[PDB]
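If you read the protein sequences in the order shown, they are chains CB and BK.
Under the entry's author numbering, the first sequence has 99 at position 98, and the numbering climbs by one with no breaks.
Under the entry's author numbering, the second sequence has 83 at position 82, and the numbering climbs by one with no breaks.
This report refers to the structure that appears directly beneath it.
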Amino acid sequence: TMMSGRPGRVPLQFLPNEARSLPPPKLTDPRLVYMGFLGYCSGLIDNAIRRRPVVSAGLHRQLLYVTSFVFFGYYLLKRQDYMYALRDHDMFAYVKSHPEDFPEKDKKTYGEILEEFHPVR
Amino acid sequence: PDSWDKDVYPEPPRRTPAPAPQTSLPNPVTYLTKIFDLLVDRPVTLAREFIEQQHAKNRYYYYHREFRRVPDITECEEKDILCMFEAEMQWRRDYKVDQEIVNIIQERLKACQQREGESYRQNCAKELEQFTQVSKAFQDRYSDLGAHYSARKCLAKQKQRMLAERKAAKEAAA
Ligand SMILES: CCCCCCCCCCCCCCCCCC(=O)OC[C@H](COP(=O)([O-])OCC(O)COP(=O)([O-])OC[C@@H](COC(=O)CCCCCCCCCCCCCCCCC)OC(=O)CCCCCCCCCCCCCCCCC)OC(=O)CCCCCCCCCCCCCCCCC
Ligand SMILES: CCCCCCCCCCCCCCCCC[C@@H](O)O[C@H](CO[C@H](O)CCCCCCCCCCCCCCC)COP(=O)(O)OCC[N+](C)(C)C
Ligand SMILES: CCCCCCCCCCCC(=O)OC[C@H](COP(=O)([O-])O)OC(=O)CCCCCCCCCCC
Numbered sequence: 002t003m004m005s006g007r008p009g010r011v012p013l014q015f016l017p018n019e020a021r022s023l024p025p026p027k028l029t030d031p032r033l034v035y036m037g038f039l040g041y042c043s044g045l046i047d048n049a050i051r052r053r054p055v056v057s058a059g060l061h062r063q064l065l066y067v068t069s070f071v072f073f074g075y076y077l078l079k080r081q082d083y084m085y086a087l088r089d090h091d092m093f094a095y096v097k098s099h100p101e102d103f104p105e106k107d108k109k110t111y112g113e114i115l116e117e118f119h120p121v122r
Numbered sequence: 002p003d004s005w006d007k008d009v010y011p012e013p014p015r016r017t018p019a020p021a022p023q024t025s026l027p028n029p030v031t032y033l034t035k036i037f038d039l040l041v042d043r044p045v046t047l048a049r050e051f052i053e054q055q056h057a058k059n060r061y062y063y064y065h066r067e068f069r070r071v072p073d074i075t076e077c078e079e080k081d082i083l084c085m086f087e088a089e090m091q092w093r094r095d096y097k098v099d100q101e102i103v104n105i106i107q108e109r110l111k112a113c114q115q116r117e118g119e120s121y122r123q124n125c126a127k128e129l130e131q132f133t134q135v136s137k138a139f140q141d142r143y144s145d146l147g148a149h150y151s152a153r154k155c156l157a158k159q160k161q162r163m164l165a166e167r168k169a170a171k172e173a174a175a
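Listed below in structure tokens is the structure:
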């Protein structure tokens with residue numbers, strides 16, 4: 002468990018209050034569009050399994066499938082973005098706090114670096 | 002002609018001997034050349050004159066793209082991706098230019114051989130030497146870089162060559 006047990010982590014909290022400071026996903030997010038596509042596929046498979054016209058029957062059912070998938074996908078994207086942002090924040094804080102472990106290195110140009118040449122023949 | 006530079010594409014001054022006939026027989030080659038001029042050369046000349054006259058009415062220009070010099074792989078820092086990309090592109094363009102230089106010299110050599118004809122071995126020594134020098138330099142620069150050649154690999158090869166030369170010079174001076 003890497004990020005479990007992080008200080009100040011509220012149990013069973015899908016999205017903490019500190020996640021409100023991050024940019025929310027756009028409604029036209031391609032991930033949200035793919036979630037809606039998954040919902041549409043679920044509706045089509047529902048019609049096919051129940052032996053209804055695949056594209057025609059149950060327009061309300063297809064609409065509810067798409068809407069539910071988009072809703073859960075939006076909240077899932079929010080949580081995923083928050084977790085990745087938290088990981089990057091903690092990594093940068095650790096790099097700041099351990100300069101001995103992460104030291105700057107002298108930069109030498111390729112005119113100074115000697116690299117062996119392997120001919121192709 | 003003014004289409005190409007006479008200095009870039011040299012050509013010796015032509016020396017056509019004056020005809021000095023020794024027979025009273027007619028010249029079939031002369032008669033056929035006259036017929037060719039009267040039947041082909043004049044019609045094609047008139048057609049080209051009309052075409053050029055049409056071209057001159059809607060004259061427009063196109064230009065030759067100019068590239069400014071950018072720092073090369075020697076100046077680029079280690080794992081500096083932007084400078085590395087710029088240097089690699091410049092090196093590739095220079096490689097293409099050098100290939101075309103070798104092509105120009107080779108074309109000059111071929112033309113001189115064909116022109117000199119039966120005495121090409123002696124009269125084309127000047128063009129053979131230029132091709133020898135150009136080919137030697139081009140081979141030394143881009144001989145065995147490989148399919149995935151790059152400015153870094155060419156620089157490494159040049160460094161190896163320079164180290165070998167320095168070692169040889171130090172041994173000679175020792
Ligand atoms: C959208 C087009 C397709 C894209 C595919 C991309 C991937 C996603 C898949 C999503 C699938 C959803 C539907 C699944 C159930 C389909 C059932 C079926 O038969 O449907 C027939 C149905 C029409 O026939 P029907 O008479 O109504 O059907 C009655 C019976 O079901 C008729 O059936 P039957 O009782 O006569 O039985 C015959 C058939 C019955 O069995 C089937 O027909 C197979 C049903 C299941 C297929 C697989 C479902 C998805 C599973 C995941 C796929 C992953 C794909 C990627 C991975 C690589 C490939 C595997 O059984 C066989 O043929 C057995 C021998 C063959 C077995 C081996 C092959 C199986 C399929 C393997 C490939 C799977 C991928 C392609 C799936 C394509 C599905 C259409 O076709 C459709 O509904 C096709 C989709 C139409 C969408 C229209 C959308 C609106 C208009 C266009 C708008 C475009 C965008 C506009 C934007 C704005 C512009 C301005
Ligand atoms: C595709 C595979 C199936 C996906 C369906 C999964 C269904 C999951 C069921 C719950 C979903 C909704 C839950 C929302 C309310 C509960 C939120 C909270 O209670 O749980 C959170 C945690 O739960 C999850 O974060 C929420 C569900 C995440 C499911 C994402 C599936 C990702 C699969 C990758 C493919 C993407 C599929 C997209 C369509 C689902 C925080 O609890 P926490 O105390 O902190 O975690 C303890 C676990 N420890 C100990 C290891 C740390
Ligand atoms: C919220 C307050 C409003 C009022 C209360 C509403 C309560 C919930 C709505 C009830 C839905 C309903 O009754 O109809 C469901 C329809 C089709 O009905 P049916 O004939 O298939 O039984 O369509 C469906 O079958 C729904 C399909 C959804 C499937 C589950 C999708 C899961 C989404 C996340 C997946 C990751």
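Beta carbons: idealized from backbone N, C-alpha and C, even for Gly.
Check: Go through its chain and collect everything with a Cβ distance to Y121 (chain BK)'s Cβ below 6 Å, but skip five positions before and after it.; Outcome: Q114
Check: For the segment 132 to 166 of chain BK, which residues have a beta carbon sitting closer than 9 Å to at least one beta carbon of chain CB?; Outcome: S144, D145, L146, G147, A148, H149, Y150, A152, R153, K154, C155, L156, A157, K158, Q159, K160, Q161, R162, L164
Check: Just to make sure I have the definition right: I need the residues of chain CB whose C-beta is within less than 9 Å of the C-beta of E78 (chain BK). Which are they?; Outcome: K108, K109, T110, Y111
Check: Can you name the residues of chain CB whose CB is closer than 7 Å to the CB of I74 (chain BK)?; Outcome: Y111
Check: Is there a Cβ of chain BK sitting closer than 7 Å to that of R122 (chain CB), yes or no?; Outcome: yes
Check: Give the range of the alpha helix (DSSP H) segment to which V103 (chain BK) is assigned.; Outcome: 82 to 117
Check: Please classify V67 (chain CB) as buried or exposed, where buried requires at least 16 other C-beta atoms within 10 Å of its C-beta.; Outcome: buried
Check: Closer than 6 Å to a non-hydrogen atom of ligand 1 - does that hold for the CB of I74 (chain BK)?; Outcome: no
Check: Just to make sure I have the definition right: I need the residues of chain BK whose C-beta is within less than 8 Å of the C-beta of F118 (chain CB). Which are they?; Outcome: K154, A157, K158, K160, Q161
Check: Between the alpha carbons of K79 (chain CB) and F73 (chain CB), how many angstroms are there, rounded?; Outcome: 10 Å
Check: Between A58 (chain CB) and ligand 1, is there a pair consisting of the residue's CB and a ligand heavy atom that are separated by less than 6 Å?; Outcome: no
Check: Provide the residue span of the alpha helix (DSSP H) that contains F132 (chain BK), from first to last.; Outcome: 126 to 143
Check: I need the DSSP call for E67 (chain BK), collapsed to helix, strand or coil.; Outcome: coil
Check: Could you please go through the chain and list the residues whose beta-carbon is closer than 6 Å to any non-hydrogen atom of ligand 3?; Outcome: CB:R62, CB:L65, CB:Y66, CB:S69, CB:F70, CB:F73
Check: So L115 (chain CB) contacts chain BK; which residues on that side make the cut at Cβ distance below 7 Å?; Outcome: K160
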